[PDB]
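Participant: need a 3D model of the sequence below.
(chains A, B, C and D, ligands or ions: 8)
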4 protein chains.
Amino acid sequence: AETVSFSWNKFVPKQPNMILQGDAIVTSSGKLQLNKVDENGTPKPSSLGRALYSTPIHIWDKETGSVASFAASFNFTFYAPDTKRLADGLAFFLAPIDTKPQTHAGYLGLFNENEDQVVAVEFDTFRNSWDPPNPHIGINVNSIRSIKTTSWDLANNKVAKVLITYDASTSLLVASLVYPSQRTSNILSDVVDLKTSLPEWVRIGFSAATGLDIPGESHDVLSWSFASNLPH
Amino acid sequence: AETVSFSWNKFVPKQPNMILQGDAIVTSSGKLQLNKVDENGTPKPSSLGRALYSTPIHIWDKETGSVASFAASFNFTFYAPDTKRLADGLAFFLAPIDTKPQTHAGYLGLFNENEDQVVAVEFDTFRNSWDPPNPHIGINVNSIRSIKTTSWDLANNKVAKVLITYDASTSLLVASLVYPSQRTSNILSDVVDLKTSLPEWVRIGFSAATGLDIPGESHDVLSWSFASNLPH
Amino acid sequence: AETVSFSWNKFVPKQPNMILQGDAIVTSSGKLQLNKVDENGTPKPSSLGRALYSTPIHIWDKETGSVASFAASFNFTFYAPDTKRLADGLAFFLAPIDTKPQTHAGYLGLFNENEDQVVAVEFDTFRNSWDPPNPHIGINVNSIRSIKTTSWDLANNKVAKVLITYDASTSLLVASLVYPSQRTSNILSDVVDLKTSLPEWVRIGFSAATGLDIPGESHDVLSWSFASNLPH
Amino acid sequence: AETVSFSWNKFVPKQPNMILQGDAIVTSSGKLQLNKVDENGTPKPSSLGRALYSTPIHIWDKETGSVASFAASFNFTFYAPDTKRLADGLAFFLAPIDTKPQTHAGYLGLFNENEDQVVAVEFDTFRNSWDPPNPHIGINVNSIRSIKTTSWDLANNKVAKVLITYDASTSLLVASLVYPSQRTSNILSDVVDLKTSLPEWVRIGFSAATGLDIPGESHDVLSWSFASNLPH
Ligand SMILES: [Ca+2]
Ligand SMILES: [Ca+2]
Ligand SMILES: [Ca+2]
Ligand SMILES: [Ca+2]
Ligand SMILES: [Mn+2]
Ligand SMILES: [Mn+2]
Ligand SMILES: [Mn+2]
Ligand SMILES: [Mn+2]
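Facilitator: Numbers count the residues shown, from 1 in each chain, chains lettered A, B, ... in the order given. Ligands and ions are numbered 1, 2, ... in the order given. Below, you will see the structure:
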């Protein structure tokens, strides 16, 4: 085996175990603030933040052909000056180490218009042409066109708690989101082949975009947990 | 703190850390077989099995007024000779140590017709008068009338994987069930106050009933995991 | 695999997950008090206490021939009215489920004069004919005659912290005792074959005796931790 | 809290979560080989290897004034062409992120002749003027002059297993080394104040040197484990 794992109940400004890209930063108040905001705290359009964890993860193994199993979780929120007009979303993902930001807005900073090898779970607020009705949750295997999605019952300014799981044995990825304040929950599950989708080593992180021409909503990540196993 | 936790990938016949009630037994093949069956393997009506874990759990504390947080999981299946005619269901629960079986069939062995202090998560196959349309999943706080339920997309003879969580801090209980074979999943969540619902010490286990006049479906528990924390 | 594990930072009077034998009891003040004492708090001679954990442990497996690996720890102390005159000792051990107390004093309640299948780590204060000079630590495989022992640098009324390990793979048992207050430590290690020494299922606990004709020292167990794994 | 932790049962050549300094490298055969050797496999004098783990560790906190507790372990060996002539040693340590190698041989690559803020546990084979008789184990707080040491019963070409612990609460560091093949073990313990000794963030790793004018012994690290907690 080969294992790793970490937990933070807060973000520490300037923490060396993290890598901030784009607009992303950490507040004195221990928030991971992915997008840029007004003094009033209002979001700025055409914004983009990413955040990754420094140590790369050994997700699969060529010789052995072994596949890691992982799990992650994190508390997060959003702020929408106007809830009738949201965009663009937030995502948790896995990418090559070298990873850098891609297209914004609708592409959630993870994908570029044409065809990085990315695996992602999206929390989408905005109906692109490829999107389904309503904000939803989706699995993204090398495309902004989710292989599966599900209605997401978002709640502005309220804390959502998230759970992600990868069962190597079934090759089945599961995502669940719960809002304790509203006693509400959504889940989603599908199969993903790590191997054909990613490099043996990856980096994980968060991505988030605001509306192109609109402010839509900010995206703050409050806490974060991760564990992984890779067997013999 | 005070913690406990256990995991089994199989059941061992005659294992001393378990307590079998009613029809319940463990197969040579490491299954926990809750209800009785034909040679052909068909279920016998009016059957009832319970199974508990020996060590009692310290779920809450009077002096401190502290509340445990727990989580559990287990792989399970069902066998329905005839899928048009199912009953009665399966449940995971928490009860007083002294606990013994109650009414069968529709009462899932946990509750008696009139008004034990029981907390349960049910997997219900049968529309009682108190039930909602379709097999579902529900939270049972001292009553067979779920405070909340959700459509359960059962699949006969297929393995379902289950997850239960209790967040003391939010007092929010979450139940998720996933069927990897069908890439299908359901979740459900609501608040439950341990304190007002149960004794400081409890025992946990499984309950399962067959149709009164029908065979409906058997209920086998394949594996089992549990962890709990009780703080200062 | 098959795993279990538990931790207590205090003892709860009347806790159902424990079994008290002999003089042993739990104080309002959360101590596990193995031997009997004066109002003044002085120990009573010819005293004997044992304490076990309720759930039995699956230490080895016949079919598979698999062996568990475990580890334990606990904070403990002793009280000697007169340090020139100590007896008799304290022990942590593994026994058959059925286990009941044996001979006292020098036999630490675990062994009887002539030849239960017991494995124990002793903290011996008293030179029996079979003992070596000075209080020591020893490994006891079915005999009060340690297969190995080591000088123990005891310190009255001071808290000692203990560590026990069993590496199934090497079949090597290790015991370390440290006294933080005095920046002092002892270790001891040797091989033990679980299989030939014990039953597939065992119960673990503590034993402790006072001097036959003397008071010697009391033995209180403050905290306790245990984890075990048994593989496929 | 804030936690991290990792385990490897082998080293992967070119693994990105590690940083190799000096002569240090990883063998096809998954060894971490700290010093340089002959084709015959014999060690080369005046050699030096270091190895660190990439992610930095948050060992203590200014605001809170909280101190982490950690533990580590690793399997290691040594090869001495001639056991009458050994040098120079191996060490596990904590340093500033920026850390780079210091003086070799007797200084184990961690310290320079005159007075980096380093905390280390040494496995010393060579009697310097500051050393005590015999190979030993020692605690090094900002000096190659151990604040405490203990006889180390080394065994050439044999696998030693090591354990390191830091109890923030007692501020007591413990080191134990065991050689299963020989049923032999050594322990050592003393207090160390993280705060006054190191920066809030540190990097951990291994260091190892060969004899100045002699080959002495090689130093290979086989496996490695680490966990840390930093509280609120
Ligand atoms: Ca979209
Ligand atoms: Ca029903
Ligand atoms: Ca004795
Ligand atoms: Ca030296
Ligand atoms: Mn979408
Ligand atoms: Mn129902
Ligand atoms: Mn003895
Ligand atoms: Mn030295």
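Participant: which element is the residue of chain A positioned farthest from its centre on?
Facilitator: Of all residues in chain A, residue A:63 sits farthest from the chain's C-alpha centroid, using Cα atoms, centre = their mean; the distance is 29.7 Å. Secondary structure from DSSP states H and E places residue A:63 outside every helix and strand.
Participant: gap between it and residue D:33?
Facilitator: As judged by Cβ to Cβ, to the nearest Å, residue A:63 and residue D:33 stand 20 Å apart. Yep, even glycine has a C-beta here, placed from its N, CA and C like the rest.
Participant: grab the nearest non-local neighbour of residue A:183.
Facilitator: Excluding the flanking residues, the one nearest residue A:183 by Cβ to Cβ, 6 or more residues apart in numbering or on different chains is residue B:190, at 5.4 Å.
Participant: which SSE is the one you found in?
Facilitator: Residue B:190 is located in strand B:184-191, with elements delineated by DSSP H and E.
Participant: after that strand, next one along is what?
Facilitator: Following strand B:184-191 in sequence order, the next helix or strand is helix B:194-197 (DSSP H and E).
Participant: give me the sheet partners of the following helix or strand past that following helix and which way each runs.
Facilitator: Using DSSP H and E, the next helix or strand after helix B:194-197 towards the C-terminus is strand B:201-210. Neighbouring strands of strand B:201-210 in its sheet, by DSSP bridges, are strand B:48-53 (antiparallel), strand B:57-58 (antiparallel), strand B:88-95 (antiparallel).
Participant: any chance of JSON lines for those strands, columns mean neighbour count?
Facilitator: Putting those into JSON lines (neighbours: other Cβ atoms under 10 Å in any protein chain shown) gives the following:
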{"stretch": "strand B:48-53", "mean neighbour count": "24"}
{"stretch": "strand B:57-58", "mean neighbour count": "22"}
{"stretch": "strand B:88-95", "mean neighbour count": "26"}
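Participant: spit out the contact partners of the residue in chain A that ligand 8 sits nearest to.
Facilitator: Chain A approaches ligand 8 most closely through residue A:16 (31.2 Å), counting by Cβ to the ion. Contact partners of residue A:16, counting by Cβ atoms under 8 Å, 6 or more residues apart in numbering or on different chains, are A:54, D:55, D:56, D:97, D:201.
Participant: isn't the third one up against residue D:202?
Facilitator: I take that to be residue D:56. Yes: the pair residue D:56 / residue D:202 is scored as a contact, 6.5 Å apart, by Cβ atoms under 8 Å.
Participant: what is in contact with those two at once?
Facilitator: residue D:97.
Participant: out of these two, which sits in the busier spot?
Facilitator: Per other Cβ atoms under 10 Å in any protein chain shown, whichever of residue D:56 and residue D:202 has more neighbours is residue D:202, with 26 against 21.
Participant: which residues does the residue most central in space within chain A bridge with?
Facilitator: Residue closest to the average C-alpha location in chain A (Cα atoms, centre = their mean): residue A:92, at 1.6 Å. According to DSSP bridges, residue A:121, residue A:206 are recorded as the beta-bridge partners of residue A:92.
Participant: residue A:82 should be in a helix, yeah?
Facilitator: No: looking at residue A:82 with DSSP: H, G, I helix; E, B strand; the rest coil, it is coil, so not inside a helix.
Participant: check contacts around the nearest residue to it once chain neighbours are set aside.
Facilitator: Closest residue in space to residue A:82, ignoring its immediate chain neighbours: residue A:215 at 7.8 Å, by Cβ to Cβ, 6+ apart. Under the criterion of Cβ under 8 Å, 6+ apart, the contact list for residue A:215 reads A:42, A:43, A:44, A:45, A:81, A:82.
Participant: give me the phi and psi angles of the second one.
Facilitator: Which is residue A:43. phi -80, psi 150 (degrees, to the nearest 10).
Participant: distance of it from residue A:227?
Facilitator: Note on residue A:43: its distance to residue A:227, by Cβ to Cβ, is 32 Å.
Participant: give me the more crowded residue out of those two.
Facilitator: The residue with more neighbours, out of residue A:43 and residue A:227 and counting by other Cβ under 10 Å, is residue A:43; that gives 22 against 16.
Participant: surely the more buried one touches residue A:82?
Facilitator: No: counting by Cβ under 8 Å, residue A:82 is not a contact partner of residue A:43; they are 10.4 Å apart.
Participant: picking up where we left off before, could you pull up the residues touching the residue nearest to residue A:183?
Facilitator: Contacts for residue B:190 (Cβ under 8 Å, 6+ apart) come out as A:183, B:139, B:147, B:148, B:172, B:173.
Participant: could you identify the most distant pair in those?
Facilitator: Pairwise distances across the contacts of residue B:190 (Cβ to Cβ) peak at 12.4 Å, for the pair B:147 and B:172.
Participant: which part of chain A gets nearest to ligand 3, residue-wise?
Facilitator: Taking Cβ to the ion as the measure, chain A has residue A:1 as its residue closest to ligand 3, at 42.9 Å.
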